[PDB]
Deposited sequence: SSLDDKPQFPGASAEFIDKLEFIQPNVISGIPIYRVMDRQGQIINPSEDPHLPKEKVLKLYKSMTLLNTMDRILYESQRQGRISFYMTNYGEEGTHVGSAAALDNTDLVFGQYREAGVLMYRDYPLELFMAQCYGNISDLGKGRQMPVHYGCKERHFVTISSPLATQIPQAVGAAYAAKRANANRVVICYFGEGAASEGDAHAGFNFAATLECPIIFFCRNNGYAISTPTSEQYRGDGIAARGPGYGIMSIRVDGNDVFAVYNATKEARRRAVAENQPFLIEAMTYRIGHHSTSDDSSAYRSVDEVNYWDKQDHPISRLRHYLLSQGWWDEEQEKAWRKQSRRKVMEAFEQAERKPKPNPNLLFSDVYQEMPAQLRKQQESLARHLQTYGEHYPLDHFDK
């Protein structure tokens, strides 16, 4: 052969390669729909404590999702997106992570934060845009971020974080950080040009990164049958030279195992890893979407909790109450706080405020001195 671009024997025969889409890449699963471990050789370590944290946070997220969605249906908050049916996805992966590892997301992985013990107060603060929000109420709800729990602030433009994450991973590599980077995205976002960029760069520059795709069958109204025709996302990884795997997104153990392995090898070989978690978006794409116009994780892990005598109905009954009380307690507290001081819309554009930008600042000031009665000054801070 000798051709610089690829290595392969010749072939006397003209044969086009056909996509194997019928029996595509197998979906990896550890426990069945009844919390039963299929193949013991796959049962993870996982002490009762850790397994209960996975449960309590999937359910704490679910309890929170309800209170916030309703909150939206009452004009209390302007927007909201649920995680229904994708809780295993967040908690499994997160648990397989080292707390110092960097996370880059889309907007449907609030569970990652719940697991990393993000304060209910702050979850509510961001959605309300009140003073406690470190974001200073500048973005829409659900666009969380925490420099402390290493969760890169989420942005709306889909797939943009992918290439960014890879860059971040490269930086890591150079520092010999023993740290890996995880980048979440939906199957829809994978169609974006940045995904192509992200995967190639990651492989070409040899970066310690895990690509976590949430193939939940939908992208708002668009069915996967319209986003691609190959064997989903898992089947693209290899084309880029990326070790790839598919997992049962409703199996927290299968997600955990895959993630744990991907992290080990990624940080060890400085080799990109792709995990496609098959799942289903149970709730509406967002508060602004009536999913009925176009078209379980917790249950399973619960059984596994019974089969081991690690949980009972009384214990469960109490958890509903506590989590409820706790969520609702952060809820009220976030509700009655005033939004930041209006001067904050001009800061942080740059590190230092440009003189001209400051002139616009002072301008709003003079302006409010005269017409402030027509503004909601009472709702904001100062």
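By the record, the deposited chain contains unmodelled runs at 1-6, 302-313, with no C-alpha atoms placed there.
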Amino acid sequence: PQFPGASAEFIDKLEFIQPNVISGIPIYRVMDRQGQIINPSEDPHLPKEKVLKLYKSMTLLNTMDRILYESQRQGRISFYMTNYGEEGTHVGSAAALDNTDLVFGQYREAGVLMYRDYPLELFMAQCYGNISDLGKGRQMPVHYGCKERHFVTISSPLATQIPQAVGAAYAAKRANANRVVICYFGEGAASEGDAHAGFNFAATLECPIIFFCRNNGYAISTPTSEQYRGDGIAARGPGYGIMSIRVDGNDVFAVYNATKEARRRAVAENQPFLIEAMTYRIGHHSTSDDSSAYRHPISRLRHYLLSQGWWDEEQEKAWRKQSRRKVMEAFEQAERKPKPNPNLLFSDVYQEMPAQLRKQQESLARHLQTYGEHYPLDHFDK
From here on, numbers count along this sequence of modelled residues.
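In none of the other PDB entries of this protein that model the residues around it does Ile298 lack coordinates, well short of a third. Judged by the one-third criterion across other entries of this protein, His284, though modelled here, is missing from at least a third of those that model both its neighbours. Looking at 195-203 and 142-150 together, the entry lists the larger mean B-factor for 142-150, computed on C-alpha atoms.
Comparing the deposited coordinates for 170-178 and 296-304, the stretch with the larger average C-alpha B-factor is 296-304. By the numbers in the PDB entry, the CA B factor is greatest at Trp311 among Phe104, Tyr228, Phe253, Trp311.
The entry lists a Cα temperature factor for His285 that places it in the highest third of the chain's modelled residues.
Per-chain ranking of the deposited C-alpha B factor places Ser291 in the highest third.
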